[PDB]
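K.L.:
Got a file for you: final-v8.cif, mmCIF, C-alpha atoms and all ligand atoms.
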data_query
#
loop_
_atom_site.group_PDB
_atom_site.id
_atom_site.type_symbol
_atom_site.label_atom_id
_atom_site.label_comp_id
_atom_site.auth_asym_id
_atom_site.auth_seq_id
_atom_site.Cartn_x
_atom_site.Cartn_y
_atom_site.Cartn_z
ATOM 1 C CA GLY A 10 125.174 36.894 156.969
ATOM 2 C CA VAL A 11 125.482 39.998 154.802
ATOM 3 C CA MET A 12 122.161 41.851 155.084
ATOM 4 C CA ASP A 13 121.589 44.305 157.922
ATOM 5 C CA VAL A 14 119.166 43.518 160.737
ATOM 6 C CA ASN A 15 116.859 46.508 160.262
ATOM 7 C CA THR A 16 116.723 46.180 156.460
ATOM 8 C CA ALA A 17 116.102 42.409 156.430
ATOM 9 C CA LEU A 18 112.383 42.773 157.232
ATOM 10 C CA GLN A 19 111.571 43.931 153.690
ATOM 11 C CA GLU A 20 112.069 40.450 152.220
ATOM 12 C CA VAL A 21 109.748 38.848 154.782
ATOM 13 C CA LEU A 22 107.080 41.521 154.322
ATOM 14 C CA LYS A 23 107.229 41.278 150.517
ATOM 15 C CA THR A 24 106.982 37.486 150.593
ATOM 16 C CA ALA A 25 104.065 37.657 153.041
ATOM 17 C CA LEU A 26 102.370 40.074 150.637
ATOM 18 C CA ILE A 27 102.944 37.657 147.761
ATOM 19 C CA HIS A 28 101.752 34.630 149.759
ATOM 20 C CA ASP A 29 98.895 36.542 151.465
ATOM 21 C CA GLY A 30 99.919 36.141 155.091
ATOM 22 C CA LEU A 31 99.694 39.679 156.486
ATOM 23 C CA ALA A 32 97.214 41.028 159.037
ATOM 24 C CA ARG A 33 97.225 44.827 158.803
ATOM 25 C CA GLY A 34 95.666 47.198 161.308
ATOM 26 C CA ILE A 35 94.985 46.847 165.010
ATOM 27 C CA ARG A 36 91.690 44.969 164.576
ATOM 28 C CA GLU A 37 93.046 42.329 162.191
ATOM 29 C CA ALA A 38 96.226 41.987 164.258
ATOM 30 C CA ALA A 39 94.278 41.508 167.492
ATOM 31 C CA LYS A 40 91.970 38.977 165.833
ATOM 32 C CA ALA A 41 94.975 37.037 164.500
ATOM 33 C CA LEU A 42 96.659 37.102 167.917
ATOM 34 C CA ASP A 43 93.477 35.759 169.519
ATOM 35 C CA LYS A 44 93.387 33.087 166.806
ATOM 36 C CA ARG A 45 97.098 32.529 167.694
ATOM 37 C CA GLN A 46 97.835 31.941 164.016
ATOM 38 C CA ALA A 47 100.434 34.719 164.253
ATOM 39 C CA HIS A 48 104.167 34.085 163.936
ATOM 40 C CA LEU A 49 105.597 37.542 164.675
ATOM 41 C CA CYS A 50 104.398 41.117 165.095
ATOM 42 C CA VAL A 51 105.616 44.551 164.010
ATOM 43 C CA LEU A 52 104.898 47.647 166.113
ATOM 44 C CA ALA A 53 105.315 51.338 165.283
ATOM 45 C CA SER A 54 107.182 53.296 167.955
ATOM 46 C CA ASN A 55 105.884 56.658 166.701
ATOM 47 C CA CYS A 56 102.239 56.875 167.773
ATOM 48 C CA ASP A 57 99.875 59.110 169.730
ATOM 49 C CA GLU A 58 97.825 56.364 171.447
ATOM 50 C CA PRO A 59 99.374 54.878 174.616
ATOM 51 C CA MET A 60 96.442 52.458 174.933
ATOM 52 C CA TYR A 61 97.281 51.141 171.459
ATOM 53 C CA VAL A 62 100.857 50.420 172.551
ATOM 54 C CA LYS A 63 99.768 48.802 175.808
ATOM 55 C CA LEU A 64 97.203 46.574 174.082
ATOM 56 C CA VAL A 65 99.631 45.400 171.399
ATOM 57 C CA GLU A 66 102.448 44.801 173.900
ATOM 58 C CA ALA A 67 100.211 42.871 176.297
ATOM 59 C CA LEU A 68 98.676 40.773 173.509
ATOM 60 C CA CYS A 69 102.153 39.906 172.224
ATOM 61 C CA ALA A 70 103.473 39.093 175.708
ATOM 62 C CA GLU A 71 100.522 36.973 176.867
ATOM 63 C CA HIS A 72 100.617 34.976 173.606
ATOM 64 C CA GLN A 73 104.427 34.423 173.774
ATOM 65 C CA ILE A 74 104.883 36.089 170.377
ATOM 66 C CA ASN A 75 107.983 38.102 169.499
ATOM 67 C CA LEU A 76 107.555 41.840 168.893
ATOM 68 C CA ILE A 77 109.531 44.250 166.696
ATOM 69 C CA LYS A 78 109.724 48.044 166.958
ATOM 70 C CA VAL A 79 109.855 50.347 163.920
ATOM 71 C CA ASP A 80 110.686 54.051 163.770
ATOM 72 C CA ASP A 81 107.590 55.551 162.122
ATOM 73 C CA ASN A 82 104.253 54.352 160.779
ATOM 74 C CA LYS A 83 104.695 55.753 157.256
ATOM 75 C CA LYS A 84 107.858 53.737 156.619
ATOM 76 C CA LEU A 85 106.045 50.744 158.112
ATOM 77 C CA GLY A 86 103.233 51.192 155.599
ATOM 78 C CA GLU A 87 105.683 51.615 152.726
ATOM 79 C CA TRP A 88 107.258 48.302 153.736
ATOM 80 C CA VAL A 89 103.765 46.808 154.078
ATOM 81 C CA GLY A 90 102.702 47.832 150.573
ATOM 82 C CA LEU A 91 99.700 50.122 151.105
ATOM 83 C CA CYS A 92 101.211 52.559 148.594
ATOM 84 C CA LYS A 93 101.131 53.414 144.892
ATOM 85 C CA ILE A 94 104.222 53.758 142.699
ATOM 86 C CA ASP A 95 104.650 56.883 140.573
ATOM 87 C CA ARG A 96 106.089 57.047 137.063
ATOM 88 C CA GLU A 97 109.511 57.962 138.460
ATOM 89 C CA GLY A 98 109.115 55.297 141.158
ATOM 90 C CA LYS A 99 108.424 57.089 144.470
ATOM 91 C CA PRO A 100 105.349 56.356 146.665
ATOM 92 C CA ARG A 101 103.572 59.719 146.773
ATOM 93 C CA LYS A 102 100.454 58.079 148.281
ATOM 94 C CA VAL A 103 101.280 56.435 151.624
ATOM 95 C CA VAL A 104 98.840 55.371 154.348
ATOM 96 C CA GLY A 105 100.598 54.576 157.603
ATOM 97 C CA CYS A 106 100.193 51.382 159.606
ATOM 98 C CA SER A 107 100.626 51.112 163.371
ATOM 99 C CA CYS A 108 100.647 47.325 163.860
ATOM 100 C CA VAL A 109 101.241 44.330 161.583
ATOM 101 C CA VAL A 110 101.058 40.569 162.151
ATOM 102 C CA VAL A 111 102.765 37.975 159.954
ATOM 103 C CA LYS A 112 100.528 34.913 159.665
ATOM 104 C CA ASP A 113 102.529 32.923 157.088
ATOM 105 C CA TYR A 114 106.258 33.237 156.481
ATOM 106 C CA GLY A 115 107.602 33.507 152.968
ATOM 107 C CA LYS A 116 109.605 30.492 151.795
ATOM 108 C CA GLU A 117 112.925 32.319 152.137
ATOM 109 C CA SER A 118 115.714 30.906 154.290
ATOM 110 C CA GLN A 119 117.895 34.034 154.325
ATOM 111 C CA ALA A 120 115.073 36.383 155.324
ATOM 112 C CA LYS A 121 113.852 34.164 158.169
ATOM 113 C CA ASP A 122 117.337 33.271 159.425
ATOM 114 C CA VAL A 123 118.404 36.809 160.358
ATOM 115 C CA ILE A 124 115.130 37.539 162.164
ATOM 116 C CA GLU A 125 115.322 34.251 164.072
ATOM 117 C CA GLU A 126 118.917 35.027 165.061
ATOM 118 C CA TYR A 127 117.869 38.483 166.270
ATOM 119 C CA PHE A 128 115.016 36.991 168.310
ATOM 120 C CA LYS A 129 117.376 34.420 169.838
ATOM 121 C CA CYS A 130 119.843 37.187 170.709
ATOM 122 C CA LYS A 131 117.033 39.153 172.367
ATOM 123 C CA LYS A 132 116.132 36.097 174.464
ATOM 124 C CA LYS B 78 53.575 59.071 123.296
ATOM 125 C CA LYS B 79 55.736 61.149 125.648
ATOM 126 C CA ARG B 80 56.611 60.277 129.235
ATOM 127 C CA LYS B 81 54.926 62.275 131.987
ATOM 128 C CA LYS B 82 57.019 63.098 135.044
ATOM 129 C CA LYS B 83 54.592 63.109 138.008
ATOM 130 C CA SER B 84 57.400 63.628 140.526
ATOM 131 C CA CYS B 85 55.714 63.669 143.939
ATOM 132 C CA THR B 86 56.011 61.103 146.747
ATOM 133 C CA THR B 87 57.144 61.021 150.364
ATOM 134 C CA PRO B 88 59.719 63.877 150.362
ATOM 135 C CA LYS B 89 62.901 61.795 150.705
ATOM 136 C CA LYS B 90 63.483 58.255 151.921
ATOM 137 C CA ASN B 91 66.973 58.573 153.387
ATOM 138 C CA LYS B 92 69.664 55.927 153.062
ATOM 139 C CA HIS B 93 71.173 54.429 156.203
ATOM 140 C CA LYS B 94 74.495 56.024 157.156
ATOM 141 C CA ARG B 95 76.894 53.757 159.030
ATOM 142 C CA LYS B 96 78.191 55.068 162.349
ATOM 143 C CA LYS B 97 81.844 56.132 162.491
ATOM 144 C CA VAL B 98 83.484 54.625 165.591
ATOM 145 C CA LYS B 99 87.113 55.382 166.470
ATOM 146 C CA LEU B 100 89.280 52.476 167.693
ATOM 147 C CA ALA B 101 86.568 49.910 168.360
ATOM 148 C CA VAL B 102 89.175 47.274 169.287
ATOM 149 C CA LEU B 103 90.030 48.959 172.587
ATOM 150 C CA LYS B 104 86.640 48.539 174.274
ATOM 151 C CA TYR B 105 86.779 44.748 173.846
ATOM 152 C CA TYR B 106 89.655 44.431 176.355
ATOM 153 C CA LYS B 107 90.169 45.778 179.871
ATOM 154 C CA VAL B 108 93.624 46.322 181.350
ATOM 155 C CA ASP B 109 94.956 46.179 184.909
ATOM 156 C CA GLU B 110 98.137 47.817 186.177
ATOM 157 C CA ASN B 111 99.810 44.402 186.506
ATOM 158 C CA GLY B 112 99.544 43.950 182.730
ATOM 159 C CA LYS B 113 96.606 41.531 182.597
ATOM 160 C CA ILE B 114 94.073 41.491 179.756
ATOM 161 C CA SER B 115 90.416 40.603 180.286
ATOM 162 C CA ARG B 116 87.987 40.105 177.399
ATOM 163 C CA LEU B 117 84.890 42.211 178.059
ATOM 164 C CA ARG B 118 82.911 40.843 175.102
ATOM 165 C CA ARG B 119 81.828 37.210 174.978
ATOM 166 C CA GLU B 120 83.210 34.915 172.274
ATOM 167 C CA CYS B 121 80.681 33.150 170.064
ATOM 168 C CA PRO B 122 80.337 29.352 170.491
ATOM 169 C CA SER B 123 80.287 28.743 166.724
ATOM 170 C CA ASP B 124 83.060 27.135 164.689
ATOM 171 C CA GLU B 125 84.364 30.131 162.734
ATOM 172 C CA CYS B 126 83.556 32.715 165.432
ATOM 173 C CA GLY B 127 85.607 31.265 168.251
ATOM 174 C CA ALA B 128 88.544 33.472 169.287
ATOM 175 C CA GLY B 129 88.545 36.984 167.804
ATOM 176 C CA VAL B 130 84.893 37.280 166.760
ATOM 177 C CA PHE B 131 83.171 38.905 169.736
ATOM 178 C CA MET B 132 79.442 39.138 170.409
ATOM 179 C CA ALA B 133 77.181 42.160 170.944
ATOM 180 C CA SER B 134 76.203 43.209 174.465
ATOM 181 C CA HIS B 135 72.664 44.358 173.805
ATOM 182 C CA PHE B 136 70.519 45.426 176.745
ATOM 183 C CA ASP B 137 68.738 42.053 176.850
ATOM 184 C CA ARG B 138 70.658 39.652 174.583
ATOM 185 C CA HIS B 139 74.008 38.564 173.151
ATOM 186 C CA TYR B 140 74.331 38.739 169.365
ATOM 187 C CA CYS B 141 77.107 37.532 167.059
ATOM 188 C CA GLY B 142 77.126 39.674 163.927
ATOM 189 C CA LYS B 143 79.001 37.097 161.831
ATOM 190 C CA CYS B 144 76.516 34.213 162.125
ATOM 191 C CA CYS B 145 73.340 35.769 163.659
ATOM 192 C CA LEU B 146 73.603 33.613 166.788
ATOM 193 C CA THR B 147 71.551 35.107 169.618
ATOM 194 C CA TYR B 148 71.396 34.308 173.338
ATOM 195 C CA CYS B 149 69.428 35.729 176.253
HETATM 196 ZN ZN ZN C 201 79.058 33.537 165.637
#
Here is a file; write its structure as structure tokens.
P.N.:
Amino acid sequence: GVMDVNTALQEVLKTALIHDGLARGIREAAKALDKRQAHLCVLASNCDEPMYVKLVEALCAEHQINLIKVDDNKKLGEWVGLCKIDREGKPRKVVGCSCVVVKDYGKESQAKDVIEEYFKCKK
Amino acid sequence: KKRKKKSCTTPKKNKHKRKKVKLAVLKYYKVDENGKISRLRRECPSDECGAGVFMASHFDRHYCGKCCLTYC
């Protein structure tokens, strides 16, 4: 592989946006996890709600679903796509996201391969 | 002819304002120290509302807001 581990999530998130397979927010994520249609989850390390973290971690663990940690919620939202692009090209309007669930993968072999390798290395 | 106003009725019929509830997901689940999760709210017996669609714990009934199913 060539792409970095931490920067390889953008392709998957963009393709899930295009193919409409993203559950955004704690309520949608929890509902998808209960429906066990989820494939993987994305968690934001920077947060002020310990109960949020405990609920997401326990839901991921008790549904045998892999979990990923991200630095901050604003970057997570920028990856997710809840932003508007300015004339120059920067996202002045960003709304952060604390938890994301990927319901359908994008049909990309390279993007999925690195994440699967990372999950296998974690196990 | 010209329109007359005649502006007098019940002072103001107010529009319903929806309640703002912060982090409504949390109260559906209870947590033990061991790491267990228990679902406080019942799950509807309907087709679509089966896993994540919880019911309403009214003082004398259970109510699913997605399909209007009601139980005692
Ligand atoms: Zn129902």
K.L.:
Neighbours of ligand ZN 201 (chain C) at 9 Å or closer, counting only C-alpha atoms and all ligand atoms: which residues, as a list in words?
P.N.:
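So the residues close to ligand ZN 201 (chain C) are residues 120, 121, 122, 123, 124, 125, 126, 127, 130, 131, 132, 140, 141, 142, 143, 144, 145, 146 and 147 of chain B.
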K.L.:
Would you mind listing, for every residue of chain A within 7 Å of chain B, the two atoms forming the shortest contact and the distance between them in Å to one decimal, using all atoms listed in the file, sorted by chain and ascending residue number, as a Markdown table?
P.N.:
| residue | atom | partner | partner_atom | distance |
| --- | --- | --- | --- | --- |
| A:36 | CA | B:102 | CA | 5.8 |
| A:40 | CA | B:129 | CA | 4.4 |
| A:43 | CA | B:129 | CA | 5.4 |
| A:44 | CA | B:128 | CA | 5.5 |
| A:67 | CA | B:112 | CA | 6.6 |
K.L.:
Given the PyMOL selection byres (((chain A and resi 32) around 9) and not hetatm) and the file above, list the residues it selects as a PyMOL selection string.
P.N.:
chain A and resi 29-31+33-41+47+108-112
K.L.:
Please write as a list in words the full residue list that the PyMOL selection byres (((chain A and resi 55) around 9) and not hetatm) yields on this file.
P.N.:
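What the PyMOL selection byres (((chain A and resi 55) around 9) and not hetatm) grabs from the file is residues 53, 54, 56, 57, 79, 80, 81, 82 and 107 of chain A.
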K.L.:
With only C-alpha atoms as the counted atoms, please give the residues lying no more than 12 Å from residue B:149, apart from itself and same-chain residues fewer than 6 positions off, as JSON, numbers by chain.
P.N.:
{"B": [133, 134, 135, 136, 137, 138, 139, 140]}
K.L.:
Report, in Å with one decimal, the straight-line distance from atom CA of residue A:75 to atom CA of residue A:128.
P.N.:
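So the two atoms, atom CA of residue A:75 and atom CA of residue A:128, lie 7.2 Å apart.
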K.L.:
Would you work out the distance separating atom CA of residue A:21 from atom CA of residue A:115, expressed in Å to one decimal?
P.N.:
6.0 Å
K.L.:
Between atom CA of residue A:50 and atom CA of residue A:86, what is the spacing in Å?
P.N.:
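Atom-to-atom, atom CA of residue A:86 and atom CA of residue A:50 are spaced 13.9 Å apart.
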K.L.:
Here is a test: counting all atoms listed in the file, which residue of A:94, A:122, A:117, A:88 is nearest to residue A:11?
P.N.:
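Using all atoms listed in the file, the shortest distance to residue A:11 belongs to A:122.
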